[PDB]
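Structure record follows, encoded as structure tokens.
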Number of protein chains: 2
Amino acid sequence: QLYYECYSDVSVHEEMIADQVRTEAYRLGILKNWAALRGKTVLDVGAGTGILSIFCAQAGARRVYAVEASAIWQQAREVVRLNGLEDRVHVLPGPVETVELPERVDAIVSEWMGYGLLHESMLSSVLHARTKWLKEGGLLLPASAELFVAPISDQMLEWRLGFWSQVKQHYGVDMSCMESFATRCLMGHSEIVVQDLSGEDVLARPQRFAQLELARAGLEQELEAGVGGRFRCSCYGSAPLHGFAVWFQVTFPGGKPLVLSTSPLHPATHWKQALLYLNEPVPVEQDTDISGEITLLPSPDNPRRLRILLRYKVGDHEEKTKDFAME
Amino acid sequence: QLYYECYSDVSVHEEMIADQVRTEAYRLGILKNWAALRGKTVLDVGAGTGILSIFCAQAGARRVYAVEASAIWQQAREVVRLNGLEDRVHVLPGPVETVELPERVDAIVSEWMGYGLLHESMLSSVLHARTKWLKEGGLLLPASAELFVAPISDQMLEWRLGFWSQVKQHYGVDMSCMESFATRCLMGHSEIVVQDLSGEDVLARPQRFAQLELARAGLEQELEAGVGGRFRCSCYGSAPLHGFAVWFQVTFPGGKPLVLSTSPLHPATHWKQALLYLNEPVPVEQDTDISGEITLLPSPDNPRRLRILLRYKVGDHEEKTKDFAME
Ligand SMILES: Nc1ncnc2c1ncn2[C@@H]1O[C@H](C[C@@H](N)CC[C@H](N)C(=O)O)[C@@H](O)[C@H]1O
Ligand SMILES: Nc1ncnc2c1ncn2[C@@H]1O[C@H](C[C@@H](N)CC[C@H](N)C(=O)O)[C@@H](O)[C@H]1O
């Protein structure tokens, strides 16, 4: 039969739906808001395969507009039909910025978050839709996002760097000189690295450095100018500091609020964490103070390519700056 | 400090050295040939970080020429110095096709194998070096390669395809229509897929379909015209046939010969297996006959980009052909 070039399309959506933490958080977050959704109209921004739109219908929404710009909208329409909802869930192809709805809506639901929250995220589209299509006093799901940072001693990176000095003990050949080379290569760059960590990697109490209430005035301008803030923490114990991890949570309006977290201390998600490596490891001790500032920015070529500007000071070392971008 | 673009370089060599099966097979394969190497000269084709050249010195080689074309040759020279072998192991940058050695050699050692044995493999370079630099009656390590094929029921692919029909049981939304879409996307292409399998995936006894004795007359021409052969087998039981896996082993001349295998039935290696998916699954039963022909070819744009031409016949279905390439 025929050959197709949609491996990427299915794999992205499989990854999302198989993310139990993500998909169940949205299912429950939507269901917990049934009193606000029942008999009401909803706009699903970036509906993908349509599953959130169907969750909304199941929570009692009268009508759902499922807007999806990629080729996958066709599958969403099939999914809607298969669940017998073609009369109340309407799949509309194209960007939400130019879609034509027949009415303003009572609520917007969207899974818009990207790596590091803002990489290739749909947030500006959600905000555009809010301004254009959401009724006054209308509901946004989720309602807010919080950003966190922690210093890390990445156990996998420590193993990769230390590997070369262990070759002698396994094969009888000294390769310890490869360590400086591996350090330059794995850390001496300014790329944001997406990797999953666990609590074993966290070197101080995670710090909330920003909060975004998605309905708030001025957020579109804050995104352009940079989202972020200062942080300070104290190290748990002796370890090589490799840099910092950034992650987020989003919060659904209450029925306590339901929180979808991407912390390394919480169940893994497909978002993992966004890692900001220093150029080389820095030894730290118990109670070493670390302070800094983290700003999430658009890239100049592309506002949806995430840039992170890090200022940091470890102990009595002078403040340093490192300017990262997603690749 | 400075930023570098060598993440790829360290990661490739880390992967090789951390492949215990590979690295220990070469260590032992070389050591088992100490009587042939002792007091002799060796050419290491594609020396990388230099570890095989040092194994040769440790097996008693008088002199080793370590030829490496990529930037990593510099690290090999440092590794040699660190192990006190600068007097007998000489690292020479550039392709082996144009390197100038001061003498012909008694032996060639090389880790030349690529994915599917011949993707981006150094074999033609090894053969060039054999012709130009190896003394008559000289030793090649490894000495031979064998190629295997088996029909597979890929358990991970079965799960990915069947995932969509299971969404209803986990989230209350029917997405079974996504299955045809996922099948077209994941199987309806002609790319060779590199993936690790296990015995749970093997649907019939693996078949050897070719053997390459690396010293033999005419091998360079066989590589250009295509390496391969016919196979026949009978299925173990009822399962979806997804296609075929191809893998290899290489054999070191004897001190029984030491074999480095990349079979899914044997310890995993970084080579994994090369998977050839049909356009859609084919149901088979116990004792379903499967026959075919497999040919490994150069690509027209690039002789080192692997092409695999598959002819296959499942049961009483007509013979089919599918022409694959590495991406
Ligand atoms: N401006 C836009 N308008 C419409 N769709 C968009 C836009 N930007 C991104 N998308 C789509 O938004 C979807 C984002 C997904 N994270 C969410 C998929 C789906 N809602 C789910 O939760 O499984 C993707 O399918 C993108 O193709
Ligand atoms: N024609 C060539 N001449 C010299 N080096 C080559 C050539 N083709 C490939 N290479 C290098 O060959 C090496 C192949 C590696 N598989 C082996 C590395 C090393 N011998 C090891 O076993 O760890 C890589 O470092 C390639 O850069």
Side-chain angles (χ1 to χ4, degrees), chain A residues 9 12-19 22-23 25-27 30 43-56 66-73 75-76 79 92-99 109-114 120-129 171 173 175 270-271 304, chain B residues 9 12-19 22-23 25-27 30 43-56 66-73 75-76 79 92-99 109-114 120-129 171 173 175 270-271 304:
Chain A
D9 228 347
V12 169
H13 287 286
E14 178 193 322
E15 176 173 60
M16 278 180 288
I17 303 303
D19 184 342
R22 183 198 84 104
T23 302
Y26 269 85
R27 192 178 69 82
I30 289 164
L43 170 64
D44 182 356
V45 179
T49 62
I51 196 176
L52 303 188
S53 284
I54 293 168
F55 288 159
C56 288
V67 180
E68 171 56 46
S70 86
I72 199 73
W73 75 265
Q75 301 298 314
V79 168
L92 306 176
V96 74
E97 285 85 350
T98 55
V99 72
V109 63
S110 188
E111 197 277 89
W112 52 266
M113 300 84 69
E120 293 187 345
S121 93
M122 332 171 49
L123 183 58
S124 300
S125 300
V126 170
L127 299 182
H128 185 285
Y171 299 112
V173 176
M175 303 191 77
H270 80 281
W271 284 286
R304 253 160 47 115
Chain B
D9 228 347
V12 169
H13 287 286
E14 178 193 322
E15 176 173 60
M16 278 180 288
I17 303 303
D19 184 342
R22 183 198 84 104
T23 302
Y26 269 85
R27 192 178 69 82
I30 289 164
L43 170 64
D44 182 356
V45 179
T49 62
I51 196 176
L52 303 188
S53 284
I54 293 168
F55 288 159
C56 288
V67 180
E68 171 56 46
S70 86
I72 199 73
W73 75 265
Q75 301 298 314
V79 168
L92 306 176
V96 74
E97 285 85 350
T98 55
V99 72
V109 63
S110 188
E111 197 277 89
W112 52 266
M113 300 84 69
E120 293 187 345
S121 93
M122 332 171 49
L123 183 58
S124 300
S125 300
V126 170
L127 299 182
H128 185 285
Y171 299 112
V173 176
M175 303 191 77
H270 80 281
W271 284 286
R304 253 160 47 115

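Letters go in sequence order (proteins before strands), and every chain restarts at 1. Because only heavy atoms are used, hydrogens play no part in the values below, and waters and symmetry mates are left out as well, while side chains stay in. One-based numbering, in listed order, for ligands and for the atoms of each.
Among residues two or more places apart in sequence or in another chain, the ring-ring contact (aromatic ring centres under 6.0 Å, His included) test is passed with B:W271 by B:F248. Evaluation of the side chain to side chain contact (heavy atoms under 4.5 Å, CB included) rule for A:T23 yields A:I51, A:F55, B:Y171 as partners, not counting sequence neighbours.
Looking at every heavy atom in both residues, B:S125 comes nearest to B:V96 through O-CG1, 3.7 Å. Taking every heavy atom of both residues into account, A:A129 and A:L43 meet most closely at CB-CD2, 3.8 Å. The shortest non-hydrogen separation linking A:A69 to A:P95 is CB-N, 3.9 Å.
The heavy atom nearest to atom 17 (C) of ligand 2, considering only B:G48, B:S110, B:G46, is found in B:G46. Comparing A:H13, A:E68, A:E120 against atom 27 (O) of ligand 1, the shortest heavy-atom distance belongs to A:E68.
Interface atoms of ligand 2 facing B:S125, defined by a heavy-atom separation under 4.0 Å, are 1 (N). Which parts of ligand 2 touch B:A47 is read off a 4.0 Å heavy-atom cut-off, strictly below it: atoms 19 (C), 20 (N). In the vicinity of B:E111, heavy-atom distances shorter than 4.0 Å reach the ligand 2 atoms 14 (C), 15 (C), 16 (N), 17 (C), 22 (O). Close contacts between ligand 2 and B:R22 involve ligand atoms 21 (C), 22 (O), 23 (O) [criterion: under 4.0 Å to a heavy atom]. Remark: ligand 2 atoms within the under-4.0 Å shell around heavy atoms of B:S70 are 27 (O). Heavy-atom proximity to B:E97, at under 4.0 Å, picks out these atoms of ligand 2: 1 (N). Within ligand 1, the atoms closer than 4.0 Å to a non-hydrogen atom of A:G94 are 4 (C), numbered from 1 in the order shown. Close contacts between ligand 2 and B:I17 involve ligand atoms 23 (O) [criterion: under 4.0 Å to a heavy atom].
No heavy atom of A:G50 sits closer than 4.0 Å to any atom of ligand 1. Residue contacts with ligand 1 leave out A:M113, since none of its heavy atoms falls under 4.0 Å from the ligand.
Of all protein heavy atoms, the one closest to atom 3 (N) of ligand 2 is B:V96 N, 3.1 Å. Among all protein heavy atoms, the one lying closest to atom 7 (C) of ligand 1 is A:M122 CE, 3.6 Å. Annotation: atom 4 (C) of ligand 2 to nearest protein heavy atom, B:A69 N, 3.4 Å.
Just one of B:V12, B:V79, B:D9 meets the side chain to side chain contact (heavy atoms under 4.5 Å, CB included) condition when paired with B:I72; it is B:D9.
Atom CG of A:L127 sits about 11.0 Å away from atom CE of A:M122, to the nearest 0.5 Å. Distance check, rounded to the nearest 0.5 Å: CE of A:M113 to NE2 of A:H270 gives 8.0 Å. A distance of 13.0 Å separates CZ in B:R27 from SG in B:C56, rounded to the nearest 0.5 Å.
With a heavy-atom cut-off of 4.0 Å, A:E15 does not touch ligand 1 at all.
Taking the side chain as every heavy atom from C-beta outward, A:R22 and A:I17 approach each other to under 4.5 Å.
Considering backbone and side-chain N/O of B:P95, none are found under 3.5 Å from N/O of ligand 2.
Side chain of A:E120 to backbone of A:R304: no donor-acceptor contact under 3.5 angstrom is found.
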